[PDB]
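J.: how does the following fold in three dimensions:
(chains A, B and C, ligands or ions: 4)
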Amino acid sequence: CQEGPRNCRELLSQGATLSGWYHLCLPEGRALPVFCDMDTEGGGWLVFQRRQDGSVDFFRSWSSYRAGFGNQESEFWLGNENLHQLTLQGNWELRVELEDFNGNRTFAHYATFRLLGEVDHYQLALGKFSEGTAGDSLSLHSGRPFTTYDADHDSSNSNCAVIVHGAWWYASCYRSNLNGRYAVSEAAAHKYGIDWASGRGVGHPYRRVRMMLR
Amino acid sequence: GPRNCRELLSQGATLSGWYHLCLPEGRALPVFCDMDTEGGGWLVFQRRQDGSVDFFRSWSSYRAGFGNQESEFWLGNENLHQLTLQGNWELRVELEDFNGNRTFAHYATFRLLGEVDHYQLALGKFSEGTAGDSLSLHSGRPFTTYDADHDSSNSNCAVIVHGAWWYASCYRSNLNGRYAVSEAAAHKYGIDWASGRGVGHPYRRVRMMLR
Amino acid sequence: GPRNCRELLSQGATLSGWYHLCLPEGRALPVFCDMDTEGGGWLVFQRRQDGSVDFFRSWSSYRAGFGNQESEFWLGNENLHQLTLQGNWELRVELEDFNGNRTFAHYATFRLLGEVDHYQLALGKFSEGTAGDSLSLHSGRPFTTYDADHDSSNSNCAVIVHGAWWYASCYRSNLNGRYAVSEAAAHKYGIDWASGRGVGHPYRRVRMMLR
Ligand SMILES: OC[C@H]1O[C@@H](O)[C@H](O)[C@@H](O)[C@H]1O
Ligand SMILES: [Ca+2]
Ligand SMILES: [Ca+2]
Ligand SMILES: [Ca+2]
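T.: Numbers count the residues shown, from 1 in each chain, chains lettered A, B, ... in the order given. Ligands and ions are numbered 1, 2, ... in the order given. Next comes the structure:
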């Protein structure tokens, strides 16, 4: 990792103005492909999660969430270890984008986002809510470890990941569940899906979601 | 690094997609290469498909380029100037209507002058094309955006027609105009090619390409 | 990238998509890596899925590769020969019918000889596969295109069946064959796998991949 840029803002500043896949050079000297959104809200956003069509299975294990998974062309999770390494230094603001089946867009912004390391179960450290038409459904999850079906760290007598078919910084269980089970419409919706409580509520999911940092 | 798409094709890159070019300033430039059409080696510098990207942008935005490699984009006037400094690049314009019929226009050469000359279009002869000629009018004219009026109208054509182009008063083509998903949704001024479907009768997909 | 998709995955490349491999000669080769299927690390060298790309192509086109990163392609015979000069590459064939049913075929090893040997297929033993074995017949045979007949037939298999393959007289598999959008539009010879749906009963989606 022969130098490279440290984030999407730096790529943009350097003249990379089209959104798409770029390599960042991580602090440890490892190259990482990432999707940079160079257009929304001034550009320079590192998109680390995307839901679009239900083509990719998000009901995955600790190791899968740790390393990342999915398809560049469609849906993915960048990986918790990548996110921890990226967010160690610098202030990264979080933007969440949501789109319902009508094509109505809503959003949520948070001042900072950081994940602790694997020993701390990639615990979420979330900054304060700034603004968002979708409302705040992630603050509850701040301070909580990540749990998957094979790594129960939540505050429930059960395994929330198993219970609600996802992976997240579950409590018992959630106000948000963006790595939840995909549904192509309300009819096909699951009890627990790609939900944002303060927007459309539990059991009433979104068609497209993105989570992004700048 | 490679300086264009034909160079890339010659070295064995035979699949159409995104590649990196090396600009004179030692800058890496992502570009879309069409490695198939008419033998291949075409740098696609503008694409419209779905209305997902806003094309009503400022001088600075058009100078730098904007958009999404996954969908619609404008490569950027400065990028285009630097690319076309040398060589004679042929221009191919591809249009697709709402029924899916494709038509085209071919111009012998395409070059943009520098920013001091307002990215003036230098265009060779229309050679052939089922879409007919709707760019010759614009040859020799500076680029105009809503915040930088260089056209031949007392008003600002970019504002009147909601786009950016080498406007006169105002246009025979307007490929950076406002997107419309169907006819029914058509704007008075849209993604238009006057010799093709005419002003006010837009296309669903457009590509502008150099080779 | 390193030598194959497994090595990329092992270095942290966990998202499926287009990566670069560095070939023996020192040429960078864009390839698609599937980082998920059966643990991931598969290099996909052929993909069919729409019919948007013409697969009835010449010897030199099959040598160099052709298609679109976003959709259908053939990686190229010379590329495959270079990749398989070293290492052990298992072949996985993925087939999908018009109902979404997915079947597979696995072979222990896969290698292509050089051009002087007409990119002859060197195929290992069929291990398992719900689609059954329809490539074993083709092992040890030269590749054939409409402009280069090397098959075991008095005719040109590539012309008769409209594709390109390691034809005998003619085939039990024809995955580079003419696309069909339905079972109703099916051709005498199409994208066929004898032991699967059989000759004349084509698939909607196909991938050929190595690990
Ligand atoms: O029993 C699980 C439940 O946990 C709640 O806190 C959450 O609001 C619901 O979405 C549901 O997941
Ligand atoms: Ca628990
Ligand atoms: Ca004016
Ligand atoms: Ca013969």
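
J.: what about the residue of chain A found nearest ligand 4, which helix or strand?
T.: Going by CB to the ion, ligand 4 is nearest to residue A:73 of chain A, at 39.8 Å. C-beta coordinates here come from the backbone N, C-alpha and C atoms, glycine included. Taking DSSP states H and E as the criterion, no element holds residue A:73; it sits outside all helices and strands.

J.: hey, what's the residue lying closest to it once chain neighbours are set aside bridged with?
T.: Using CB to CB, 6 or more residues apart in numbering or on different chains and skipping residues adjacent in sequence, the residue nearest residue A:73 is residue C:17, 6.5 Å away. When assigned by DSSP bridges, residue C:17 has beta-bridge partners residue C:33.

J.: and the residue of chain A closest to chain B?
T.: residue A:20 (3.3 Å; CB to the nearest CB).

J.: make sure that residue is actually in contact with residue A:36.
T.: Yes: checked against CB atoms under 8 Å, the pair residue A:20 and residue A:36 is within contact range at 6.9 Å.

J.: more neighbours, those two?
T.: Set side by side, residue A:20 and residue A:36 show unequal neighbour counts under other CB atoms under 10 Å in any protein chain shown, the larger going to residue A:36 at 28 against 18.

J.: what residue spans form the domains of chain A?
T.: Dividing chain A into domains by curated CATH domains, as the record does, gives the ranges A:1-134+A:208-214, A:135-207.

J.: touching ligand 1 at all, the last one?
T.: In other words, domain A:135-207. Yes: Domain A:135-207 comes into contact with ligand 1 (CB under 6 Å from any ligand atom), by way of A:163-164, A:172-175, A:192, A:197, A:202.

J.: what about that domain, distance to the chain center?
T.: 12 Å (CA atoms, centre = their mean, to the nearest Å).

J.: likewise the first one?
T.: What separates the centre of domain A:1-134+A:208-214 from the centre of its chain is 6 Å, taken as CA atoms, centre = their mean.

J.: returning to that earlier point: who wins for proximity to ligand 3 among the domains of chain A?
T.: Nearest to ligand 3 among these is domain A:1-134+A:208-214; the distance by CB to the ion comes to 26.6 Å.

J.: compute the first-to-last residue distance for that closest one.
T.: Using CA to CA, to the nearest Å, the gap from the first to the last residue of domain A:1-134+A:208-214 comes to 22 Å.

J.: before we move on, what about stretch A:14-23?
T.: OK, stretch A:14-23 end separation, CA to CA: 14 Å.

J.: and for it, what's in contact with it?
T.: By CB atoms under 8 Å, 6 or more residues apart in numbering or on different chains, the surrounding residues in contact with stretch A:14-23 are A:4-5, A:8, A:11, A:31-39, A:43, A:72, B:18, B:27, B:29-30, B:64-70, B:73, B:75-76, C:17.

J.: the residue of chain A closest to ligand 4: neighbouring residues, count only.
T.: Other residues within reach of residue A:73, judged by other CB under 10 Å, total 17.

J.: what does residue A:139 give?
T.: When neighbours are counted by other CB under 10 Å, residue A:139 registers 17.

J.: my guess is it contacts residue A:127. True?
T.: No: proximity of residue A:139 to residue A:127 does not meet the contact threshold set by CB under 8 Å, at 9.5 Å.

J.: sorry, back to before: show me the two of the residues of domain A:135-207 next to ligand 1 that sit farthest apart.
T.: Using CB to CB, the two most remote members of the residues of domain A:135-207 next to ligand 1 are A:163 and A:197, lying 16.1 Å apart.

J.: so residue A:175 touches residue A:138, yeah?
T.: Yes: Residue A:175 is in contact with residue A:138 according to CB under 8 Å; the separation is 7.1 Å.

J.: higher neighbour count, these two?
T.: More neighbours sit around residue A:138 than around the other of residue A:175 and residue A:138, counting by other CB under 10 Å; the figures are 27 against 18.

J.: residues in contact with the more buried one?
T.: Residue A:138 makes contact with A:94, A:96, A:108, A:110, A:126, A:129, A:175-176, according to CB under 8 Å, 6+ apart.

J.: residue A:70 too?
T.: The contact partners of residue A:70, by CB under 8 Å, 6+ apart, come to A:50, A:56, A:76-77, C:15-16, C:36.

J.: roughly how far does it sit from ligand 2?
T.: Taking CB to the ion, to the nearest Å as the measure, residue A:70 falls 26 Å from ligand 2.

J.: likewise for residue A:49?
T.: Residue A:49 sits 23 Å away from ligand 2 when distances are taken as CB to the ion.

J.: what about that residue, how many neighbours?
T.: Neighbours of residue A:49 using other CB under 10 Å come to 20.

J.: pretty sure it is touching residue A:176, no?
T.: No: with contacts counted by CB under 8 Å, residue A:49 stays clear of residue A:176, the gap being 11.6 Å.

J.: buried ones in stretch A:102-112, by neighbour count?
T.: Using 16 or more other CB atoms under 10 Å in any protein chain shown as the burial criterion, the residues of stretch A:102-112 that qualify are A:106-110.
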